[PDB]
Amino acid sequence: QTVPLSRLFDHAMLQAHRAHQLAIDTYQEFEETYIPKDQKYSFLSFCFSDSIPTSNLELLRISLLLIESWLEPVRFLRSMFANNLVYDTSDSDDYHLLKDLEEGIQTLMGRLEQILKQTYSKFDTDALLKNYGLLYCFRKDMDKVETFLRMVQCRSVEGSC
C-alpha cells in the first residue's frame, strides 16, 4: 500500500489544527495569568505571517517556513509559566509536534511535485511584552498555516470541501 494524498492531507490538517490550538491555548493562558486589564493587547511588531497576504507548492512552501520559524522557540513555551524557571531541555515538549507537521508538509510537497531568513526571538524567563507579542505571532502564524493547508487540500483532493 502507498498512502493516498487524502490521508496525507488529513494527517497534516489534524496536526495544523492541533498546532493552531496549542497557540490559541497558550496565548489565552498567558493573557489570563499575566496580562492585567490595562495592558490587554498592548503589543497592539509584525508577525512572520503578516509578510505574505491572503492549489500550489508555494502555499505549502510558506506553511513550511512559518512552522520552521517556530520549531526552536516552541520548546520554550511553558518556561514563561513559572516565576524564574528556564526550560530544562526535557523531552522536546510534546510540541516538536511542529516537527511532525513540518515533515508532513515536506511529504505533501514531494507528492505535488530563498534569500531572506525570518527567525523569531526566543521567549524570556520588556520581557512580558515581548513574550506576549511572540505568543500573538505564534497564534497568527499557526492560523495562517492551517488556512493555507486547507486551501491546498480542497484544490488537490476532490470532494474534500
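The first residue of the sequence shown is number 1, and the count goes up from there.
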Quick check on the record: how many residues from the deposited sequence are absent from the model between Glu113 and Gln114 (none, 1 to 3, 4 to 9, 10 or more)? 4 to 9
Hey, how big is the hole between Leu44 and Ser45 in terms of deposited residues without coordinates: none, 1 to 3, 4 to 9, or 10 or more? 4 to 9
Stretch with higher mean Cα temperature factor, 131-139 vs 92-100, is 92-100
Of the two stretches 60-68 and 24-32, which shows the higher Cα B-factor on average in the entry? 60-68
Ranked against its chain, the third holding the CA B-factor of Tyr120: lowest
